[PDB]
């Protein structure tokens, strides 16, 4: 279990003041591997490239990723993160679209980002279009078994963390040794690192974003998250 950093971009600006390259440099300097730059809506491409080019092939990029632009983004991103393109506007999962991305990029350069909503006890359904659309894809062991054929990494995007979900991510992927699972679910305590480590037997990584001091949050220290990583080896 490691701390994963992020940079969210909206209207060409970081969601927080510092430009995107500041954060890209910081993550590189502190050797925070596997961070994600996420474009929320349009007009973010320059700010995304600013971050990626500050630390070339070190940060991932998501938001508006499809078969037409994935190779160009991979010039500067370590991996591309697919989101809504895997679904029709009606919310139907399109496995053939994932297969196309893998065919173009390689399984080591794509991330499948699934935003999920807990509908009922022990049930999580993938959602799209700013959460407002439930898709026909459920999170469960079967979904992980099938989709891991096409990617080496999932970003699972969901007060405290959804502890039961983290436990389930472990349970559903226990037999996979080569699969990276990044959880992003609003963590706002440094204590969540050890908690996620315990729940997942070390197999799930944890994003911190807006709660961090470096983004103007007053809840979690970025340096504490880096120190956690440094202790893991």
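Numbering follows the first chain given and starts at 1.
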What size is the break between residue 16 and residue 17 in terms of deposited sequence residues left without coordinates: none, 1 to 3, 4 to 9, or 10 or more? 10 or more
Zero if continuous, otherwise a range: how many residues of the deposited sequence are missing coordinates between residue 158 and residue 159 (none, 1 to 3, 4 to 9, 10 or more)? 4 to 9
Higher-scoring stretch by recorded Cα B factor average, 127-135 or 83-91: 127-135
If you average the Cα B factors in the entry, which is higher, 67-75 or 147-155? 67-75
Selection by C-alpha B-factor (highest) of 174, 194, 180, 49: 174
Tertile call for residue 29 (CA temperature factor, within chain, third-based) is the highest
Determine, from the deposited record, the chain-internal third of the Cα B-factor for residue 104: lowest, middle or highest. highest
Once the chain's modelled residues are ordered by C-alpha B factor and cut into thirds, is residue 185 in the lowest, middle or highest one? middle
Of the three thirds of Cα B-factor ranks in this chain, residue 225 occupies the lowest
Chain thirds of CA B-factor: placement of residue 62: lowest
